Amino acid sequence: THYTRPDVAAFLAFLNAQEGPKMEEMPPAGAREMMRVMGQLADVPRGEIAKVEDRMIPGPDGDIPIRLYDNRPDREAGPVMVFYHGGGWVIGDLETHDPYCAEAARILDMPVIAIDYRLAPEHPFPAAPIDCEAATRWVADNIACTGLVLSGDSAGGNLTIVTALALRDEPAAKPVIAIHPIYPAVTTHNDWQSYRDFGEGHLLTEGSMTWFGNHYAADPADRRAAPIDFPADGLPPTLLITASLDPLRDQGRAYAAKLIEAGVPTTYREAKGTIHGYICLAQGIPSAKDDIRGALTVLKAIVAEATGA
């Protein structure tokens, strides 16, 4: 039917055989625990890294936790990545995406600063965008860097694009030199062939998407929810990656196409035969390691071209 990598199909079959409630049948605290446990079982470890540090920074509606990863702390000032995790604006935290952030720091050879932004339903829309924009501006002001590289997965891919638009309109202390949205959401609408094709049996389901969206309570007319409905001109060079079996695939394609139509230099990658969520499934789906390394190698080159110009 649809091209599926053998290791991905193996993982889906393992998923399907598990007993216990679906995420959508759980309170937020249970869902949060489910994702932590899934990462413990199906993601790789942090691995060796020179420096990881946690602190709190000021934010407009309270303090924001952030985590710095750096495998070469005696570096000269250069690019810094600011990372927003996924989790449907409800789940995920600094631990769920810790393996990926450490790997990104190692491959990219830049510091990675992960943001622990406020989550729904305790803090509904627009808390996540507000925190992500404030933390990103804080990094520009307070960290030695020459420019910012924004990135994140899923909900965090949404936040990447939203925050890049915010900084385009009102620059931070340092420019955004590149962005890397990973299987992002860019609209609330579901009128996509990929949604029809992959909205069941591929981890991110119609059920889970409804559950997340009901808790987040986004305004579908606000650019901070639905950036595809707003001009993309003047955004930084973009690396956008989708997964081929992902309900969100077609909207990601559409956003990348929109960037190109606005003259934004754009690299589009599609992880063929894998699913939404792969960046935190690198033990369960070993091929994810190649998707991660592939994309980050290309991002490192985009950033090098920017810093060499």
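Numbers for residues come from their place in the sequence shown, where the first is 1.
**Q** Averaged over C-alpha atoms, is the B-factor higher for 189-197 or for 78-86 in this PDB entry?
**A** On average, C-alpha B-factors are higher across 189-197.
**Q** For the C-alpha atoms alone, is the average B factor greater in 100-108 or in 205-213, going by the entry?
**A** The entry gives the higher C-alpha B-factor average to 205-213.
**Q** Check the PDB entry and point out which of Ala243, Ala29, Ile66, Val264 has the largest C-alpha temperature factor.
**A** Going by the entry's C-alpha B-factors, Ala29 comes out highest.
**Q** Highest recorded C-alpha temperature factor, please, choosing from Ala271, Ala256, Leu248, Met35.
**A** That would be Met35.
**Q** Lowest, middle or highest third: where is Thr163 by C-alpha B factor in its chain?
**A** Its C-alpha B-factor, which the entry lists for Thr163, ranks in the lowest third among residues of this chain.
**Q** Going by the recorded CA B-factors, say which third of the chain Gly277 sits in, lowest, middle or highest.
**A** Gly277: CA B-factor falls in the middle third of its chain.
**Q** Considering only modelled residues of the same chain, in which third does the CA B-factor of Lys174 rank: lowest, middle or highest?
**A** Highest third - that is where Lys174 ends up once the chain's C-alpha B-factors are sorted.
**Q** Using the B-factor values recorded in the entry, state whether the Cα atom of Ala301 falls in the lowest, middle or highest third among the modelled residues of its chain.
**A** Ranked within chain, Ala301 CA B lands in the lowest tercile.
**Q** Thinking about Cα B factors across the chain, which third does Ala9 belong to?
**A** Its C-alpha B-factor, which the entry lists for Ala9, ranks in the middle third among residues of this chain.
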